[PDB]
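Novice: Next comes protein-v4.csv, CSV, C-alpha atoms and all ligand atoms:
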```csv
chain,number,residue,atom,x,y,z
A,2,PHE,CA,16.8,23.0,-2.5
A,3,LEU,CA,18.2,21.1,0.3
A,4,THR,CA,19.6,17.6,-0.5
A,5,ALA,CA,16.9,14.9,-0.2
A,6,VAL,CA,17.5,12.0,2.2
A,7,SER,CA,16.5,9.7,-0.7
A,8,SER,CA,19.3,10.9,-2.9
A,9,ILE,CA,21.7,8.3,-1.4
A,10,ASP,CA,21.1,4.6,-0.8
A,11,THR,CA,21.5,4.4,3.0
A,12,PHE,CA,17.9,5.1,4.1
A,13,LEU,CA,15.9,3.6,1.3
A,14,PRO,CA,15.0,0.4,3.2
A,15,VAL,CA,13.4,2.2,6.1
A,16,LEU,CA,11.8,4.9,3.8
A,17,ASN,CA,10.2,2.0,1.9
A,18,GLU,CA,8.5,1.1,5.2
A,19,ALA,CA,7.6,4.5,6.6
A,20,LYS,CA,5.5,7.6,6.2
A,21,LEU,CA,6.6,11.0,7.6
A,22,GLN,CA,4.5,12.8,10.2
A,23,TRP,CA,5.3,16.5,10.4
A,24,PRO,CA,4.8,18.9,12.1
A,25,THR,CA,2.1,16.9,13.9
A,26,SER,CA,0.7,13.3,13.7
A,27,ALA,CA,-0.8,14.5,10.3
A,28,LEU,CA,0.8,13.0,7.2
A,29,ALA,CA,3.6,15.0,5.7
A,30,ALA,CA,4.9,12.5,3.1
A,31,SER,CA,3.9,9.1,2.0
A,32,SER,CA,6.6,6.3,1.6
A,33,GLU,CA,6.7,6.9,-2.2
A,34,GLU,CA,7.1,10.7,-1.6
A,35,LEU,CA,10.0,10.0,0.8
A,36,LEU,CA,11.6,7.6,-1.6
A,37,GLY,CA,11.0,10.2,-4.4
A,38,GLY,CA,12.9,13.1,-2.9
A,39,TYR,CA,10.6,14.7,-0.3
A,40,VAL,CA,12.8,17.3,1.4
A,41,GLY,CA,12.6,20.4,3.7
A,42,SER,CA,14.4,22.0,6.5
A,43,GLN,CA,12.6,19.6,8.8
A,44,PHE,CA,13.9,16.5,6.9
A,45,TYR,CA,17.0,16.6,4.8
A,46,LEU,CA,20.3,14.9,4.1
A,47,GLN,CA,22.9,16.5,6.3
A,48,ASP,CA,26.7,16.4,5.9
A,49,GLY,CA,26.0,14.1,2.9
A,50,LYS,CA,25.1,11.2,5.2
A,51,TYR,CA,22.6,11.9,8.0
A,52,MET,CA,18.9,11.8,7.8
A,53,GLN,CA,18.2,14.8,10.0
A,54,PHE,CA,14.9,15.7,11.7
A,55,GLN,CA,14.1,19.2,13.1
A,56,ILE,CA,11.0,20.3,14.9
A,57,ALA,CA,9.9,23.1,17.3
A,58,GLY,CA,6.8,23.3,19.5
A,59,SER,CA,5.2,21.4,22.3
A,60,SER,CA,4.5,17.8,21.3
A,61,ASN,CA,5.2,18.6,17.6
A,62,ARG,CA,7.1,16.0,15.7
A,63,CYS,CA,9.0,15.2,12.6
A,64,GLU,CA,8.8,11.4,12.8
A,65,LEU,CA,8.9,8.3,10.6
A,66,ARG,CA,6.0,6.0,11.3
A,67,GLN,CA,6.3,2.3,10.4
A,68,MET,CA,4.3,1.2,7.4
A,69,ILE,CA,3.8,-2.0,5.5
A,70,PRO,CA,6.6,-2.2,3.0
A,71,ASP,CA,6.3,-1.4,-0.7
A,72,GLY,CA,3.6,1.3,-0.5
A,73,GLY,CA,1.3,-0.5,2.0
A,74,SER,CA,-0.8,1.1,4.8
A,75,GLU,CA,-0.1,1.5,8.5
A,76,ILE,CA,1.4,-1.7,10.1
A,77,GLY,CA,0.4,-3.2,13.4
A,78,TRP,CA,2.1,-6.1,15.2
A,79,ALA,CA,1.9,-7.9,18.4
A,80,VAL,CA,4.7,-8.0,21.1
A,81,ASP,CA,4.3,-11.8,21.4
A,82,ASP,CA,3.8,-13.2,17.8
A,83,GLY,CA,6.9,-15.4,18.3
A,84,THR,CA,9.1,-13.3,15.9
A,85,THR,CA,11.6,-10.6,16.8
A,86,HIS,CA,10.7,-7.1,15.8
A,87,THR,CA,13.9,-5.1,15.7
A,88,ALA,CA,14.7,-1.4,15.2
A,89,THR,CA,18.3,-0.5,14.7
A,90,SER,CA,19.8,3.0,14.5
A,91,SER,CA,22.9,5.1,14.7
A,92,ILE,CA,22.1,8.5,16.0
A,93,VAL,CA,24.1,11.7,16.5
A,94,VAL,CA,22.3,13.7,19.2
A,95,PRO,CA,23.9,17.2,19.0
A,96,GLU,CA,23.9,19.6,21.9
A,97,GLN,CA,20.2,20.8,22.0
A,98,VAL,CA,19.5,24.5,21.9
A,99,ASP,CA,18.1,26.3,25.1
A,100,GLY,CA,14.4,25.6,25.4
A,101,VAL,CA,14.6,22.0,24.2
A,102,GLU,CA,14.3,19.8,27.2
A,103,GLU,CA,13.4,16.3,26.0
A,104,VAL,CA,13.4,14.8,22.5
A,105,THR,CA,12.0,11.4,21.7
A,106,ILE,CA,14.1,9.7,19.0
A,107,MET,CA,12.7,6.2,18.8
A,108,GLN,CA,9.4,4.7,19.8
A,109,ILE,CA,7.2,1.6,20.0
A,110,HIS,CA,3.6,2.8,19.8
A,111,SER,CA,0.2,1.2,19.4
A,112,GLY,CA,-3.4,2.5,18.9
A,113,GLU,CA,-3.5,3.5,22.6
A,114,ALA,CA,-0.1,4.7,23.8
A,115,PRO,CA,3.7,4.5,23.6
A,116,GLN,CA,5.0,1.2,24.8
A,117,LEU,CA,8.6,2.6,24.6
A,118,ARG,CA,10.2,6.0,24.1
A,119,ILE,CA,13.9,6.4,23.8
A,120,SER,CA,14.5,10.1,24.4
A,121,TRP,CA,17.3,12.6,25.1
A,122,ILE,CA,16.6,14.6,28.2
A,123,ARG,CA,18.4,17.6,29.6
A,124,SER,CA,18.0,16.8,33.3
A,125,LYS,CA,16.0,14.2,35.2
A,126,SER,CA,15.9,12.4,38.5
A,127,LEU,CA,15.5,8.6,38.2
A,128,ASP,CA,15.1,6.4,41.3
A,129,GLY,CA,16.5,9.0,43.5
A,130,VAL,CA,19.5,9.8,41.3
A,131,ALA,CA,20.1,12.9,39.2
A,132,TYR,CA,21.2,12.7,35.6
A,133,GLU,CA,22.0,15.3,33.0
A,134,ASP,CA,22.2,15.4,29.2
A,135,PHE,CA,21.5,11.7,28.7
A,136,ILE,CA,19.5,9.2,26.8
A,137,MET,CA,16.5,7.6,28.6
A,138,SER,CA,14.1,4.8,27.9
A,139,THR,CA,10.6,5.1,29.2
A,140,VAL,CA,8.5,1.9,29.1
A,141,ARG,CA,4.8,1.8,29.8
A,142,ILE,CA,3.6,-1.1,31.9
A,143,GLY,CA,0.2,0.6,32.4
A,144,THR,CA,-1.9,3.3,30.8
A,145,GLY,CA,-2.1,5.7,33.8
A,146,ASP,CA,0.0,8.7,34.6
A,147,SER,CA,1.4,7.7,38.1
A,148,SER,CA,5.0,6.5,38.5
A,149,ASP,CA,4.0,2.8,38.6
A,150,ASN,CA,2.9,3.0,35.0
A,151,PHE,CA,6.5,3.6,33.8
A,152,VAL,CA,9.9,2.0,34.0
A,153,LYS,CA,12.5,4.6,33.2
A,154,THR,CA,16.1,3.8,32.7
A,155,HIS,CA,19.4,5.7,32.1
A,156,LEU,CA,20.6,4.2,28.8
A,157,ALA,CA,23.7,6.3,28.3
A,158,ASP,CA,25.1,9.8,28.7
A,159,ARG,CA,24.8,11.8,25.4
A,160,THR,CA,27.9,11.5,23.3
A,161,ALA,CA,29.3,13.8,20.7
A,162,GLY,CA,29.7,10.9,18.3
A,163,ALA,CA,27.2,8.5,16.8
A,164,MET,CA,25.4,6.2,19.3
A,165,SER,CA,23.9,3.0,18.1
A,166,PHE,CA,20.6,1.6,19.4
A,167,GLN,CA,19.0,-1.8,18.9
A,168,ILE,CA,15.4,-2.3,20.1
A,169,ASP,CA,14.3,-6.0,20.1
A,170,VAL,CA,10.8,-7.2,20.9
A,171,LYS,CA,10.3,-10.9,21.2
A,172,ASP,CA,7.8,-13.0,23.3
A,173,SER,CA,6.6,-10.0,25.2
A,174,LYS,CA,10.1,-9.0,26.2
A,175,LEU,CA,12.0,-5.8,25.3
A,176,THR,CA,15.8,-5.6,25.0
A,177,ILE,CA,17.7,-2.3,24.3
A,178,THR,CA,21.3,-2.5,23.2
A,179,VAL,CA,23.4,0.8,23.2
A,180,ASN,CA,26.7,0.9,21.4
A,181,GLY,CA,26.7,-2.9,21.4
A,182,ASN,CA,26.0,-3.3,25.1
A,183,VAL,CA,22.8,-4.7,26.4
A,184,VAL,CA,21.4,-2.0,28.8
A,185,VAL,CA,17.8,-3.2,29.2
A,186,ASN,CA,17.5,-7.0,29.1
A,187,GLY,CA,14.1,-8.5,28.8
A,188,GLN,CA,11.8,-5.8,30.2
A,189,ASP,CA,8.3,-7.3,30.5
A,190,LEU,CA,5.8,-6.1,27.9
A,191,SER,CA,3.1,-8.6,29.0
A,192,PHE,CA,0.7,-5.7,29.9
A,193,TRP,CA,0.3,-5.3,26.1
A,194,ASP,CA,-0.6,-8.9,25.4
A,195,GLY,CA,-3.6,-9.0,23.1
A,196,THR,CA,-2.6,-5.7,21.4
A,197,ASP,CA,-2.1,-6.1,17.6
A,198,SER,CA,-1.4,-2.5,16.7
A,199,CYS,CA,2.2,-1.9,17.6
A,200,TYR,CA,4.6,-0.1,15.3
A,201,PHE,CA,8.0,1.6,15.4
A,202,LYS,CA,8.6,5.3,15.1
A,203,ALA,CA,11.8,7.3,14.9
A,204,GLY,CA,12.9,10.9,14.3
A,205,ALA,CA,12.3,13.9,16.6
A,206,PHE,CA,9.3,14.3,18.8
A,207,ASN,CA,9.6,17.3,21.1
A,208,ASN,CA,8.5,16.9,24.7
A,209,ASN,CA,7.8,19.6,27.3
A,210,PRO,CA,10.0,22.4,25.8
A,211,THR,CA,10.3,25.6,27.8
A,212,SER,CA,10.1,27.6,24.5
A,213,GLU,CA,7.7,27.0,21.7
A,214,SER,CA,10.2,28.3,19.2
A,215,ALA,CA,13.3,26.2,20.2
A,216,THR,CA,14.1,23.7,17.5
A,217,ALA,CA,15.0,20.1,18.4
A,218,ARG,CA,17.5,18.5,16.0
A,219,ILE,CA,18.4,14.8,15.7
A,220,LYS,CA,20.7,13.1,13.1
A,221,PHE,CA,20.4,9.5,12.0
A,222,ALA,CA,23.4,7.9,10.3
A,223,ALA,CA,21.4,4.6,10.1
A,224,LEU,CA,17.9,3.4,10.7
A,225,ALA,CA,16.2,0.1,9.9
A,226,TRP,CA,13.1,-1.7,10.9
A,227,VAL,CA,13.0,-5.5,10.4
A,228,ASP,CA,11.1,-8.6,11.5
A,229,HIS,CA,13.0,-11.8,12.2
B,301,LIG,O1,6.4,14.3,30.9
B,301,LIG,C1,5.3,13.8,31.5
B,301,LIG,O2,4.5,14.5,32.1
B,301,LIG,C2,5.1,12.3,31.4
B,301,LIG,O3,5.3,12.0,30.0
B,301,LIG,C3,5.2,10.6,29.6
B,301,LIG,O4,5.6,10.4,28.3
B,301,LIG,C4,4.6,11.0,27.4
B,301,LIG,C5,5.3,11.9,26.4
B,301,LIG,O5,5.9,13.0,27.0
B,301,LIG,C6,4.5,12.3,25.3
B,301,LIG,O6,3.4,13.1,25.8
B,301,LIG,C7,3.8,11.1,24.6
B,301,LIG,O7,2.9,11.5,23.6
B,301,LIG,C8,2.3,10.5,22.9
B,301,LIG,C9,0.8,10.8,23.0
B,301,LIG,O8,0.3,10.6,24.3
B,301,LIG,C10,0.0,10.0,22.0
B,301,LIG,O9,0.0,8.6,22.4
B,301,LIG,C11,0.5,10.1,20.6
B,301,LIG,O10,-0.2,9.4,19.7
B,301,LIG,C12,0.0,9.7,18.4
B,301,LIG,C13,0.8,8.6,17.7
B,301,LIG,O11,2.2,8.7,18.0
B,301,LIG,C14,0.7,8.6,16.2
B,301,LIG,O12,1.4,9.7,15.6
B,301,LIG,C15,-0.8,8.7,15.8
B,301,LIG,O13,-0.8,8.7,14.4
B,301,LIG,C16,-2.1,8.6,13.9
B,301,LIG,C17,-2.8,9.9,13.7
B,301,LIG,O14,-3.2,10.5,14.9
B,301,LIG,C18,-4.0,9.7,12.8
B,301,LIG,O15,-4.8,8.8,13.6
B,301,LIG,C19,-3.7,9.0,11.5
B,301,LIG,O16,-4.9,8.9,10.8
B,301,LIG,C20,-4.6,8.6,9.4
B,301,LIG,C21,-4.2,7.1,9.2
B,301,LIG,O17,-4.1,6.9,7.8
B,301,LIG,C22,-5.3,6.2,9.8
B,301,LIG,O18,-4.9,4.9,9.6
B,301,LIG,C23,-6.6,6.5,9.1
B,301,LIG,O19,-7.0,5.3,8.5
B,301,LIG,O20,-6.6,7.6,8.2
B,301,LIG,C24,-6.0,8.8,8.8
B,301,LIG,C25,-5.7,9.9,7.8
B,301,LIG,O21,-5.5,9.6,6.6
B,301,LIG,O22,-5.8,11.1,8.2
B,301,LIG,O23,-3.1,7.7,11.8
B,301,LIG,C26,-1.9,7.9,12.5
B,301,LIG,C27,-1.1,6.6,12.7
B,301,LIG,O24,-0.1,6.4,11.9
B,301,LIG,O25,-1.5,5.7,13.5
B,301,LIG,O26,-1.5,9.9,16.4
B,301,LIG,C28,-1.4,9.8,17.8
B,301,LIG,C29,-2.0,11.1,18.3
B,301,LIG,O27,-2.9,11.1,19.2
B,301,LIG,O28,-1.6,12.2,17.8
B,301,LIG,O29,1.9,9.6,20.6
B,301,LIG,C30,2.7,10.5,21.5
B,301,LIG,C31,4.0,9.8,21.2
B,301,LIG,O30,4.5,10.0,20.0
B,301,LIG,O31,4.6,9.1,22.1
B,301,LIG,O32,3.0,10.3,25.6
B,301,LIG,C32,4.0,9.8,26.6
B,301,LIG,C33,3.2,8.9,27.6
B,301,LIG,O33,1.9,9.2,27.8
B,301,LIG,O34,3.7,7.9,28.1
B,301,LIG,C34,6.1,9.8,30.5
B,301,LIG,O35,7.5,10.2,30.2
B,301,LIG,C35,5.9,10.1,31.9
B,301,LIG,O36,6.8,9.4,32.8
B,301,LIG,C36,6.0,11.5,32.2
B,301,LIG,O37,5.6,11.8,33.6
```
Kindly transcribe the structure held in the file into C-alpha cells.
Ligand SMILES: O=C(O)[C@H]1O[C@@H](O[C@H]2[C@H](O)[C@H](O)[C@H](O[C@H]3[C@H](O)[C@H](O)[C@H](O[C@H]4[C@H](O)[C@H](O)[C@H](O[C@H]5[C@H](O)[C@H](O)[C@H](O[C@H]6[C@H](O)[C@H](O)[C@H](O)O[C@@H]6C(=O)O)O[C@@H]5C(=O)O)O[C@@H]4C(=O)O)O[C@@H]3C(=O)O)O[C@@H]2C(=O)O)[C@@H](O)[C@@H](O)[C@@H]1O
Specialist:
Amino acid sequence: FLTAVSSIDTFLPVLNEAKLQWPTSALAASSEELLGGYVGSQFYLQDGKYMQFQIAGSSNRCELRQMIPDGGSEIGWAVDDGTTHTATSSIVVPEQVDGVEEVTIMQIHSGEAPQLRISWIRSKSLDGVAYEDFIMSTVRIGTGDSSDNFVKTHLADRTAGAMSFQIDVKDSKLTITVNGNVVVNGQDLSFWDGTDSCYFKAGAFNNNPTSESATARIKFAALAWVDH
C-alpha cells in the first residue's frame, strides 16, 4: 500500500480537525480514519513528507474539510467573533498536466458559498492584465455570478519550490500572506456578517478542466487550522 499521511507526525494536528471529502463533497474518511492510516492514490504521503491530493473530473475534489477537534462534527464559525481564525500552509504546486486549468487549494466556505478560494490557474486576465501559471485569490463579496461579486487577486506566480500561505480572518477582515509577505491586507468580509457556518478547506478541488480525465495534483508540506 501507499504510505499513509498519518504515518508521520507532521499532519496529525490538522487531521484531528478534518474529514476528507473525495471524490465529491461526499465523505471519504472521518477524522479518526485519517489519523488511523486512511490512504489511497488520491491521498498519500509523498516523498516521505508531503500530504498529496490528486483528483480528476469537473468540480471533483480531494479536500480536507474543517471539523470540530477530537472527533467532533462539522464546525462553523463567524468572520467577526473577535478571534482570529487562521489557516497556514506550505504547498508545492507542481506543473499541472494538460487539461487541468484551475485547482483550488485552500478555501473559506460556509453553508451557502465560498468566501475565499486560493487557486492555481493556468491563465487568466485580472483587471485588464494577463497572468499565466499563478496563484490567485477569489473573494466573494456577493452571492451572484457577475464580476462585482468577486475580488480576484494575483497572489504570486507559481514556484517550483514550496510556497507558504497564511489566511487570517479577524473582525470581518481577511489577510493573506504569501511566503511571509502580506499580499491581501484586510479585504472586507462584512457581506458575510451574521453567518455562523464558515469553515476552512484545503486540498485539491478541480475547476473547469478541459479534460475529465486530467488529474490535478497538489502537495502540502504543512497545513494547520487554528483559532487565536
Ligand atoms: O469559473 C467561473 O465560472 C466562476 O467560478 C467562481 O468560483 C466558483 C468555483 O469555480 C467553483 O465552482 C466553486 O464551487 C463551490 C460550489 O459552488 C459549492 O459552493 C460547493 O459547496 C460544497 C462545499 O464545498 C462542501 O463540500 C459541502 O459539503 C457538504 C456536503 O454537500 C454535504 O452537505 C454534507 O452532508 C453531510 C454532513 O455530515 C452534514 O452535516 C449532514 O449533517 O450529514 C451529511 C452526511 O452525512 O451525508 O455536509 C458537507 C459539509 O461538510 O458541509 O457541499 C457543497 C456542495 O454543494 O457540494 O463548494 C464549491 C467549492 O468547494 O468552492 O464555486 C465558486 C463560486 O461560486 O464562487 C468564481 O471564480 C467566478 O469568478 C468565476 O467566474
Novice: Let me make sure I understand: among A:146, A:134, A:96, A:34, which one has the smallest atom-to-atom distance to ligand LIG 301 (chain B) if we use all atoms listed in the file?
Specialist: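 Smallest separation from ligand LIG 301 (chain B) among the options: A:146.
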Novice: Skipping near chain neighbours, those fewer than 3 positions away, what residues fall within 8 Å of residue A:82 using only C-alpha atoms, listed as a PDB file with C-alpha atoms, in the frame of the given file?
Specialist:
```pdb
ATOM      1  CA  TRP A  78       2.100  -6.100  15.200  1.00  0.00           C
ATOM      2  CA  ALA A  79       1.900  -7.900  18.400  1.00  0.00           C
ATOM      3  CA  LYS A 171      10.300 -10.900  21.200  1.00  0.00           C
ATOM      4  CA  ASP A 172       7.800 -13.000  23.300  1.00  0.00           C
TER       5      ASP A 172
END
```
Novice: For ligand LIG 301 (chain B), list the contacting residues at 6 Å or closer, counting all atoms listed in the file, as a PyMOL selection string.
Specialist: chain A and resi 26+75+114-115+151+208
Novice: With all atoms listed in the file as the atoms that count, which of A:113, A:18, A:71, A:10 lies nearest to residue A:193?
Specialist: A:113
Novice: Pick out the closest residue to residue A:214 from this set: A:56, A:43, A:21, A:49. Count all atoms listed in the file.
Specialist: A:56
